[PDB]
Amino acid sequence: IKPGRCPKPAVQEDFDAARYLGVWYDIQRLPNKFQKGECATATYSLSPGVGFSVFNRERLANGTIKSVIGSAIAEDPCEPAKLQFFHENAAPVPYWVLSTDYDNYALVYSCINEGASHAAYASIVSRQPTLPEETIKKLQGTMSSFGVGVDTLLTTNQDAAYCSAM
């Protein structure tokens, strides 16, 4: 969908998927097919392998909320930050944890080589509906350092008015 093939950025070192569990609020995201809504959250829970179970939830414009259940598993237990996201009726897409503090923020990247083009996902997630605008900028610097159009990014709405039932 986007011209050019995938870059290979650096990922989180000594990534602990146990400290990555819990709820993560979406702060910024690259536009895509699937996330056509707001009030988006990801909840990661125990899974037998190297990874976690996935519950992604968002509220749509019409008010009804839509969730997906999935799995994120590391295929190389020695590289815990490079995981694969498996979901019902689809081929797995990558799930790379580029950077995280486990307690406040996380930067996740994903890219699929599509012939001469590529498809990509990117997400700034926080442990609260907001994240300090200074950390957003620092993470946008990392993203732009490897080709990510930080200017195509969409700020997810996490305002109580619209997300008044979560």
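Note that residue numbering follows the sequence shown and begins at 1.
Stretch with the higher entry mean CA B-factor, where the candidates are 52-60 and 30-38: Mean CA B-factor is higher for 30-38.
Per the entry, higher mean C-alpha B factor between 61-69 and 98-106: That would be 61-69.
B-factor third for the C-alpha atom of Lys8 within its chain: Ranked within chain, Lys8 CA B lands in the lowest tercile.
Chain thirds of CA B-factor: placement of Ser126: Its C-alpha B-factor belongs to the lowest third of this chain's values.
Within-chain third of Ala17 by Cα B-factor, per the entry: Middle third of the chain for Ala17's C-alpha B-factor.
Where the record places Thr142 (Cα B-factor, split into thirds across the chain): Its C-alpha B-factor belongs to the lowest third of this chain's values.
For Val150, the third of its chain into which the C-alpha B factor falls: Top third by C-alpha B-factor.
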